[PDB]
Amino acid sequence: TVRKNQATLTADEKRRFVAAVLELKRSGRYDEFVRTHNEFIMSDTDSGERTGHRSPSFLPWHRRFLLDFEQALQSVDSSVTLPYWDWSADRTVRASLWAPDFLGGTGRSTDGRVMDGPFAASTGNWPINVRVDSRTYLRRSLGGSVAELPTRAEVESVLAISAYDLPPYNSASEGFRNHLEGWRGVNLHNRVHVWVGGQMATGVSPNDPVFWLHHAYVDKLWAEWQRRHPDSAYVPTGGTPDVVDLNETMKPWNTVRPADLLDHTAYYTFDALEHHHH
């Protein structure tokens, strides 16, 4: 399985990815991914149990969630893998990502409604069913609530942080995980959600197919961080209330631990991932 930069997909790969996503939507499978994500983001709390977000397991949890989704896509078309969106590189609304042959563009100013691409409400192929308000159409406001996506220099500053995570293992932490997640520092992952706007800014953010491409790049940055810091590993490593320790299993699956997900190459490789070096 090779995960490729979205910017590099052929027209055939874009077609096949879109069709597979639309079939998971038609069959009812897609919406249950949105529902699972919303349940964890509404339940994960800084002072209590936290598994999907605001916690060290943010990265392995989303790695396994994306694996579940990719496997569902491959059950429809075995050639499809999740592409990733390097938002440090492809940082404008003119990016091919947002073209009508791929995800479609920004929403119109009146109501945020996306008007083009395969996921526009007018196609009849993308009802927003798992939602927090009456509106049933995909919405975006690219660059509306925050003006810029993270830059490569900002990403590199986060990648240079040596500790994976630190007590209190939540949104107040120092360390790589919370800086990548974005609750402290220059803010990588949370700011991208805010930049897309629409459902992507909400707990039901997998309603926008760009969710998967954003998280596939966050997941690639975890892999890059490991290559920069081969001496650093997941923490905590046992006996921490409310937090998933290294060898503890994770909900909702219950059968997989962070330890089983640290090495992505057991499941997929990237088009390019630099070797450890000085």
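For the two forms, the rigid core is made up of the largest set of C-alpha atoms that agree within 1.5 Å on superposition. Numbering starts at 1 and follows the sequence shown.
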Rigid core superposed, root mean square over structures and residues, which stretch has C-alphas farther from this form in 9 other deposited structures of this protein, 108-116 or 127-135?
127-135
Between 209-217 and 246-254, which has the larger average Cα B-factor in the PDB entry?
246-254
Comparing 230-238 with 51-59, which has the greater mean CA B-factor as deposited?
230-238
In this PDB entry, which of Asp86, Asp116, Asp111, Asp165 has the top CA B-factor?
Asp111
According to the deposited entry, which of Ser96, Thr106, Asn129, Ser122 has the largest Cα B-factor?
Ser96
In terms of the chain's CA B-factor thirds, is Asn190 lowest, middle or highest?
lowest
Name the third of the chain's ranked CA B-factors that contains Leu180, choosing lowest, middle or highest.
lowest
In terms of the chain's CA B-factor thirds, is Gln74 lowest, middle or highest?
middle
Rank-wise, by C-alpha B-factor, drop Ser134 into the lowest, middle or highest third of its chain.
highest
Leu142, C-alpha B-factor rank within chain (lowest, middle or highest third):
middle
